[PDB]
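Encoded as structure tokens, the structure appears first; notes follow it.
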Amino acid sequence: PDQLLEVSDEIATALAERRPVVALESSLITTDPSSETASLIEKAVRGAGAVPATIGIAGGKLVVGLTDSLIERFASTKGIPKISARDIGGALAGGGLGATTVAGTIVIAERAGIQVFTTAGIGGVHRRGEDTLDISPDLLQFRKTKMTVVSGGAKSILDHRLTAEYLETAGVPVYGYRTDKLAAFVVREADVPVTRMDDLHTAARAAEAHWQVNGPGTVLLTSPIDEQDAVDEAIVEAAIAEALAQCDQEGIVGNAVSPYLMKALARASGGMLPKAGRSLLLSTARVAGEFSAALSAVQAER
Amino acid sequence: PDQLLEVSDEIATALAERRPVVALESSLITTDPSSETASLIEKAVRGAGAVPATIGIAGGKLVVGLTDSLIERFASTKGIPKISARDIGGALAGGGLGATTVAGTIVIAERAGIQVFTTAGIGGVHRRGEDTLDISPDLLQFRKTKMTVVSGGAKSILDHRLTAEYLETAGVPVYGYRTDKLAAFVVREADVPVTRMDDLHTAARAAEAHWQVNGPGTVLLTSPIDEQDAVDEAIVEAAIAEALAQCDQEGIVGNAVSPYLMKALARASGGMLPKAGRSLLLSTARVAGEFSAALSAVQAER
Amino acid sequence: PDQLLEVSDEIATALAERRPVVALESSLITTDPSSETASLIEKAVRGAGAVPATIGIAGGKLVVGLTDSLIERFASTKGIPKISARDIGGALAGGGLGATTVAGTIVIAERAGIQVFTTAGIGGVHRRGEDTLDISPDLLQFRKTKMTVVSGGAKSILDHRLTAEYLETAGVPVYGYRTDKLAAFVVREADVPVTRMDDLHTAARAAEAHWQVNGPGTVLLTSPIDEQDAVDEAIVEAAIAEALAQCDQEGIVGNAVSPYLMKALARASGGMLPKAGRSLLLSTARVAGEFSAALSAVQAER
Ligand SMILES: O=C(CO)[C@H](O)[C@H](O)COP(=O)(O)O
Ligand SMILES: O=C(CO)[C@H](O)[C@H](O)COP(=O)(O)O
Ligand SMILES: O=C(CO)[C@H](O)[C@H](O)COP(=O)(O)O
Ligand SMILES: [Ca+2]
Ligand SMILES: [Ca+2]
Ligand SMILES: [Ca+2]
Ligand SMILES: [Ca+2]
Ligand SMILES: [Cl-]
Ligand SMILES: [Cl-]
Ligand SMILES: [Cl-]
């Protein structure tokens, strides 16, 4: 009898039957209201038998699997605040609409009984973070919340190596799917060695064993963008470095720099960034559903 | 039947009756033994109906609400060690007097059943911390201990922005009371956006919901110094920067720099620092008692 | 009925009878298969009545006290991976041999019921860590796992001061045995004040009280190398600084720098490093067994 959880029938049953469920951040429905994107991700997850679970906050409730009605508002309403783990309390108390970030979502996902969550890119150590200390709450949320997060590594505007170092310090397992290098978002690789996992059944058995030993906490699973859709590393690096020089002469610091680089990157891809991002998103999502199916099967042995 | 807790009658009853209680660090009694300061803080807390609870360590016990007898020693004895969370074990084992810091106090406060603690300023990221790694244990204690800490932000000798960044990484909610900027101790504002809370009942409902979702952990509530008593930001900044240059040419590093800046700041205020500090302390304390009363009321609904 | 633990008879009984047990990392058997080193450490621990417990991973099991058969493989097999806390899940899932690091061992030690672990040196903040963010997972593992770790501080290739700062932020108690300065591995002292503990019975009562207040988490106990065997600080510092300059002109960054400094240090000691390391290892181990005996006795009072 949970007062805060709002779970749809399909997801409730799936969990109640130890069937696989894959959590998704509300952002995906917010950005593209057209069936084009939302329907394709759902398609990619359902393929392996996993139930897609889009998570949001609405009317003082932690909604797991938004209704068609709620999907409408998240598309129409413009001023919906981004909610990480720390913003949840206020977001509920306010009773408005809350678009949950990576950190915020996995907390709710765990509470609902969901064990797998997916996104194109996670947060991490911002570039110049060693000085600025701008670090996503995601990384320390992974120490607390039991989950497997399936992504393509950290968002490209971040410092990939420093992020890997921070996660190593924080003791978060990082597995590379059929790869031994860390996935660098739209770029395929970063010069960072990760523990290879060629089989998802094996990988699901590594996480299960991890939770039995280290207790609750996130297993991070990286799946790099298909090489046919990958963006050249040198293109991304020189574009960011140049955009940083503009902020040096203009004199921009803090979380004003962050959205600058995001949109400066969109130009330098030749307008190919959205298609590369969407391509990764889909390949990643497909993997998550497959893993979640594997994980449910491993857990169904005991 | 707790062997380590020493709780006075008034506080025991108040907790046993779900009545509001506000924790205070022993430092306040230590510094000014005169009724002048101690009586005024107690007055400010009791106003809203909250029971003041001064916490210390004495004779291998975690004393919650010091007796008149103990208050005497904390005033007379000169060599009383400062005790943070990590020093507690030894402090008890030694059986001496222990003046608990912010980090140390909230641990004991939680253990006793207290949910609200107040101080003028909390610890944080020291200036040049990005290089020196000098960071108060307070910030990571807030991940563990369930409490609402009511302060005026970080002590002025610290790096306010970096502290805000560290707390964001650590997932500690920061609420500004009727303000949207972070309180910078004796200075009213720092250029750091905080989540606004205009009503303490609303704010108490945000914390309660936070604990139900993210489990135990501190909600940090900032209440800026009354503007009529606020110290000019530019006065504080130039005074510290100059004092830092003296340590550069003298060649001072580490926790030798910290007390230097503290006392160099006292001069540059025109001797107005103690009155500005005491003014903030009182306004902050009054808020804490009011919040604690609100929190008890929210919790009394279930 | 634990499926993952593999405990030898002697250790099982010792724990089942609240008798002292001291955990050891598998590395010691791996490096020197000759009875020379392994027999002497075992001798040093058993002296105080403590049961030595060497921990490893083999055939999907968390082996506590390796058999003569397993000791053979850890000596003969060359490609045995180093396993920290985060690597455990995969290591078990793989069913190979896993040589557990400091971080990995204490997790298993706790699970088995062991409360004391020893090593010559622990991990910490790497030199230039304030920029590189290269920090051992050990330091944040100490927030989670209940244990007393007996060492000679951080390995000499690390930044001792920054490590001390990081552990202070993380709220890990650091006690110096009959010393008030932090032990700097083969070098006796680092210019860092630590809380003095002259009596191990007192020290064991400080840890016990710490766990009762701050819950699970590591108490770190430093015991400096016997001065008669200590290496001059200036020798170590100038040797490392020079070795760093070689990596600057050669252009080496990351975890390629780490093993460089390790082996560059071995030369500059005049070949005395192994004997100084082994000397510390033994003095440290002897202390651990004595402490574990004291701790068991304190706990046997209730
Ligand atoms: O995907 C996200 C938002 O939906 C991440 O959680 C976000 O990028 C991290 O936040 P920040 O780096 O600004 O702290
Ligand atoms: O208010 C305090 C002491 O009473 C704080 O806890 C203290 O300022 C933090 O310690 P440090 O910054 O030296 O680690
Ligand atoms: O003693 C160890 C290995 O046996 C330590 O755990 C290791 O030195 C820490 O790892 P790193 O500093 O490379 O992260
Ligand atoms: Ca720097
Ligand atoms: Ca930030
Ligand atoms: Ca410090
Ligand atoms: Ca590292
Ligand atoms: Cl967005
Ligand atoms: Cl003081
Ligand atoms: Cl080694």
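Ordering of the structure tokens sets the chain letters (A, B, ...), residue numbers begin anew at 1 in every chain, and ligands are numbered from 1 in the order given.
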
Original post:
What are the residues of chain A that have an atom within 10 Å of an atom of chain C, counting only C-alpha atoms, as a ChimeraX atom specification?
Top reply: /A:128-131,143,161-175,192,195-197,202-214,219

**OP:** Taking the DSSP assignment computed from this structure's backbone, write out as an NGL selection string all residues of region 9-174 of chain B that belong to helix (DSSP H, G or I).
**Re:** :B and (9-16 or 27-31 or 35-46 or 68-76 or 85-94 or 102-112 or 129-132 or 138-144 or 160-169)

I need the residues from that last selection saved to file as a CSV table (one decimal), in the first residue's frame (with C-alpha atoms), if you can.
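As a result, out-v3.csv now contains:
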```
chain,number,residue,atom,x,y,z
B,9,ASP,CA,14.0,15.4,31.5
B,10,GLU,CA,12.5,18.2,29.4
B,11,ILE,CA,14.1,16.9,26.1
B,12,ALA,CA,13.2,13.3,26.8
B,13,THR,CA,9.5,14.2,27.3
B,14,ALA,CA,9.4,16.5,24.3
B,15,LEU,CA,10.7,13.8,22.0
B,16,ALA,CA,8.4,11.2,23.7
B,27,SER,CA,30.5,25.8,21.1
B,28,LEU,CA,27.9,28.5,21.9
B,29,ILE,CA,28.1,27.9,25.7
B,30,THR,CA,31.9,27.4,25.5
B,31,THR,CA,32.7,30.8,23.9
B,35,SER,CA,24.0,34.5,30.1
B,36,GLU,CA,24.0,37.2,27.4
B,37,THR,CA,24.4,34.9,24.4
B,38,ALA,CA,23.3,31.5,25.7
B,39,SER,CA,20.0,32.9,27.1
B,40,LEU,CA,19.2,34.8,23.9
B,41,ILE,CA,19.5,31.7,21.6
B,42,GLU,CA,17.5,29.6,24.0
B,43,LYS,CA,14.9,32.5,24.0
B,44,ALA,CA,14.9,32.5,20.2
B,45,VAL,CA,14.3,28.7,19.9
B,46,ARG,CA,11.7,28.4,22.7
B,68,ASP,CA,24.3,23.7,34.8
B,69,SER,CA,27.2,21.8,36.2
B,70,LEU,CA,28.5,20.7,32.8
B,71,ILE,CA,28.0,24.2,31.3
B,72,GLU,CA,30.4,25.4,34.0
B,73,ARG,CA,33.2,23.1,32.9
B,74,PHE,CA,32.7,23.9,29.2
B,75,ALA,CA,33.2,27.5,30.1
B,76,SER,CA,36.0,27.2,32.6
B,85,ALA,CA,31.9,12.4,13.8
B,86,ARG,CA,35.2,10.5,13.5
B,87,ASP,CA,36.6,11.7,16.8
B,88,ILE,CA,33.5,10.5,18.8
B,89,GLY,CA,34.8,7.0,19.5
B,90,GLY,CA,38.0,8.1,21.0
B,91,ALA,CA,36.4,11.0,22.8
B,92,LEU,CA,34.0,8.6,24.7
B,93,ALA,CA,36.8,6.1,25.3
B,94,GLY,CA,38.9,8.8,26.8
B,102,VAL,CA,28.6,20.5,13.2
B,103,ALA,CA,29.4,17.0,11.9
B,104,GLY,CA,29.8,15.4,15.3
B,105,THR,CA,26.6,17.0,16.8
B,106,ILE,CA,24.1,15.9,14.1
B,107,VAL,CA,25.2,12.3,14.5
B,108,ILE,CA,24.4,12.5,18.2
B,109,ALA,CA,21.2,14.5,17.6
B,110,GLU,CA,19.9,11.8,15.2
B,111,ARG,CA,20.7,9.1,17.7
B,112,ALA,CA,18.7,10.9,20.4
B,129,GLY,CA,40.1,23.2,-2.0
B,130,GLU,CA,40.1,22.1,-5.6
B,131,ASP,CA,43.9,21.9,-5.2
B,132,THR,CA,44.4,21.4,-1.4
B,138,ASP,CA,30.2,18.0,7.3
B,139,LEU,CA,29.4,17.7,3.6
B,140,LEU,CA,29.7,13.9,3.5
B,141,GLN,CA,28.1,13.5,6.9
B,142,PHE,CA,25.0,14.9,5.3
B,143,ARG,CA,24.6,11.8,3.1
B,144,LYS,CA,24.4,9.6,6.1
B,160,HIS,CA,30.8,29.2,-1.3
B,161,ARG,CA,30.4,28.2,-4.9
B,162,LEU,CA,32.7,25.1,-4.7
B,163,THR,CA,30.8,24.0,-1.5
B,164,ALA,CA,27.5,24.3,-3.4
B,165,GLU,CA,29.0,22.2,-6.2
B,166,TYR,CA,30.2,19.6,-3.8
B,167,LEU,CA,26.7,19.3,-2.1
B,168,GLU,CA,25.1,19.0,-5.5
B,169,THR,CA,27.4,16.1,-6.4
```

**OP:** Would you kindly return, as a ChimeraX atom specification, each protein, DNA or RNA residue with an atom no farther than 8 Å from any atom of region 287-289 of chain A, considering only C-alpha atoms and excluding same-chain residues fewer than 2 positions away?
**Re:** /A:20-22,44-50,116-118,150,223,283-285,291-293

Next, write the just-selected residues to a file, as an mmCIF file, in the first residue's frame, keeping C-alpha atoms as the atom set.
```
data_model
loop_
_atom_site.group_PDB
_atom_site.id
_atom_site.type_symbol
_atom_site.label_atom_id
_atom_site.label_comp_id
_atom_site.auth_asym_id
_atom_site.auth_seq_id
_atom_site.Cartn_x
_atom_site.Cartn_y
_atom_site.Cartn_z
ATOM 1 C CA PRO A 20 11.705 -7.918 -17.240
ATOM 2 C CA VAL A 21 11.074 -4.146 -17.020
ATOM 3 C CA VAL A 22 13.278 -1.313 -18.363
ATOM 4 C CA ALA A 44 13.353 -1.499 -29.224
ATOM 5 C CA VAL A 45 12.753 -2.414 -25.566
ATOM 6 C CA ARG A 46 9.659 -4.585 -26.112
ATOM 7 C CA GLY A 47 11.554 -6.637 -28.721
ATOM 8 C CA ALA A 48 13.331 -8.669 -26.043
ATOM 9 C CA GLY A 49 10.115 -8.976 -23.993
ATOM 10 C CA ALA A 50 10.945 -6.188 -21.539
ATOM 11 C CA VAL A 116 17.247 -1.818 -15.231
ATOM 12 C CA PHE A 117 17.285 1.749 -16.579
ATOM 13 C CA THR A 118 18.505 3.104 -19.918
ATOM 14 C CA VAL A 150 22.622 0.925 -19.699
ATOM 15 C CA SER A 223 27.337 -0.046 -25.069
ATOM 16 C CA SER A 283 20.961 0.565 -29.988
ATOM 17 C CA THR A 284 21.442 1.181 -26.257
ATOM 18 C CA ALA A 285 17.734 0.671 -25.474
ATOM 19 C CA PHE A 291 19.937 -7.550 -20.541
ATOM 20 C CA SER A 292 16.813 -7.109 -18.399
ATOM 21 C CA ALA A 293 15.448 -10.310 -19.941
#
```

Original post:
Could you state the separation of CA of residue 55 (chain B) and CA of residue 220 (chain B) in Å, given to one decimal place?
Top reply: 19.3 Å

**OP:** Find the residue from C:147, C:236, C:158, C:83 that sits nearest to ligand 10; use only C-alpha atoms and all ligand atoms when measuring.
**Re:** C:83

Original post:
Of the candidates B:294, B:80, B:245, B:239, which shows the shortest atom-to-atom distance to residue 201 (chain B), using only C-alpha atoms?
Top reply: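 That would be B:294, the residue with the smallest distance to residue 201 (chain B).
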
Original post:
Quick one: residues within 12 Å of residue 267 (chain B), only C-alpha atoms counted, chain neighbours fewer than 6 positions away excluded, as a PyMOL selection string?
Top reply: chain B and resi 235-236+239-240+243+260-261+273-274

Could you take the residues named above and write them with N, CA, C and O atoms, as a PDB file, in the first residue's frame?
```
ATOM      1  N   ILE B 235      33.843  43.951   0.996  1.00  0.00           N
ATOM      2  CA  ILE B 235      34.678  44.143   2.185  1.00  0.00           C
ATOM      3  C   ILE B 235      35.298  42.814   2.614  1.00  0.00           C
ATOM      4  O   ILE B 235      36.497  42.739   2.887  1.00  0.00           O
ATOM      5  N   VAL B 236      34.470  41.773   2.653  1.00  0.00           N
ATOM      6  CA  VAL B 236      34.899  40.437   3.062  1.00  0.00           C
ATOM      7  C   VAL B 236      35.883  39.829   2.056  1.00  0.00           C
ATOM      8  O   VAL B 236      36.914  39.278   2.446  1.00  0.00           O
ATOM      9  N   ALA B 239      39.393  41.568   1.945  1.00  0.00           N
ATOM     10  CA  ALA B 239      40.073  41.315   3.219  1.00  0.00           C
ATOM     11  C   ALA B 239      40.715  39.935   3.252  1.00  0.00           C
ATOM     12  O   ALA B 239      41.843  39.781   3.726  1.00  0.00           O
ATOM     13  N   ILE B 240      39.984  38.941   2.750  1.00  0.00           N
ATOM     14  CA  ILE B 240      40.475  37.566   2.667  1.00  0.00           C
ATOM     15  C   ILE B 240      41.595  37.459   1.630  1.00  0.00           C
ATOM     16  O   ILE B 240      42.669  36.936   1.929  1.00  0.00           O
ATOM     17  N   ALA B 243      44.736  38.799   2.944  1.00  0.00           N
ATOM     18  CA  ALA B 243      45.243  37.909   3.989  1.00  0.00           C
ATOM     19  C   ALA B 243      45.878  36.645   3.407  1.00  0.00           C
ATOM     20  O   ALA B 243      46.794  36.071   4.002  1.00  0.00           O
ATOM     21  N   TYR B 260      44.265  31.827  10.529  1.00  0.00           N
ATOM     22  CA  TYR B 260      44.806  33.129  10.120  1.00  0.00           C
ATOM     23  C   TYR B 260      43.717  34.017   9.528  1.00  0.00           C
ATOM     24  O   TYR B 260      43.531  35.157   9.960  1.00  0.00           O
ATOM     25  N   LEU B 261      43.003  33.474   8.543  1.00  0.00           N
ATOM     26  CA  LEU B 261      41.948  34.192   7.826  1.00  0.00           C
ATOM     27  C   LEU B 261      40.780  34.557   8.737  1.00  0.00           C
ATOM     28  O   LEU B 261      40.192  35.629   8.596  1.00  0.00           O
ATOM     29  N   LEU B 273      32.059  42.344  13.214  1.00  0.00           N
ATOM     30  CA  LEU B 273      31.894  40.915  12.929  1.00  0.00           C
ATOM     31  C   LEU B 273      31.149  40.142  14.025  1.00  0.00           C
ATOM     32  O   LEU B 273      30.195  39.427  13.714  1.00  0.00           O
ATOM     33  N   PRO B 274      31.574  40.278  15.303  1.00  0.00           N
ATOM     34  CA  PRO B 274      30.870  39.568  16.381  1.00  0.00           C
ATOM     35  C   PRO B 274      29.374  39.885  16.456  1.00  0.00           C
ATOM     36  O   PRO B 274      28.570  38.978  16.687  1.00  0.00           O
TER      37      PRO B 274
END
```

Subject >> Length of the CA of residue 269 (chain B) to CA of residue 231 (chain B) vector [Å] >> reply: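 Computing it gives 7.8 Å between the two atoms.
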
**OP:** Mind listing the strand (DSSP E) residues of region 109-149 of chain C, per DSSP on the backbone, as a list in words?
**Re:**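 Taking region 109-149 of chain C and keeping strand (DSSP E) gives residues 116, 117, 118, 147, 148 and 149 of chain C.
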
**OP:** To one decimal in Å, tell me the separation between CA of residue 221 (chain B) and CA of residue 149 (chain B).
**Re:**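 Calculated distance between CA of residue 221 (chain B) and CA of residue 149 (chain B) is 5.9 Å.
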
Skipping near chain neighbours, those fewer than 6 positions away, what residues fall within 10 Å of residue 238 (chain B) using only C-alpha atoms, listed as an mmCIF file with N, CA and C atoms, in the first residue's frame?
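Produced file selection_24.cif, reproduced below:
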```cif
data_model
loop_
_atom_site.group_PDB
_atom_site.id
_atom_site.type_symbol
_atom_site.label_atom_id
_atom_site.label_comp_id
_atom_site.auth_asym_id
_atom_site.auth_seq_id
_atom_site.Cartn_x
_atom_site.Cartn_y
_atom_site.Cartn_z
ATOM 1 N N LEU B 244 45.386 36.224 2.243
ATOM 2 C CA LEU B 244 45.937 35.078 1.518
ATOM 3 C C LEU B 244 47.309 35.389 0.929
ATOM 4 N N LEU B 265 39.892 38.522 9.342
ATOM 5 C CA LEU B 265 38.551 38.959 8.968
ATOM 6 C C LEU B 265 37.903 39.797 10.068
ATOM 7 N N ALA B 268 38.935 43.577 9.798
ATOM 8 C CA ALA B 268 38.457 44.310 8.623
ATOM 9 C C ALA B 268 36.968 44.672 8.646
#
```

Original post:
Leaving out residue 183 (chain C) and any residue of its chain fewer than 5 positions from it, which residues lie within 8 Å of it when counting only C-alpha atoms, given as a list in words?
Top reply: residues 152, 153, 154, 176, 188, 189, 190, 222, 223, 224 and 225 of chain C
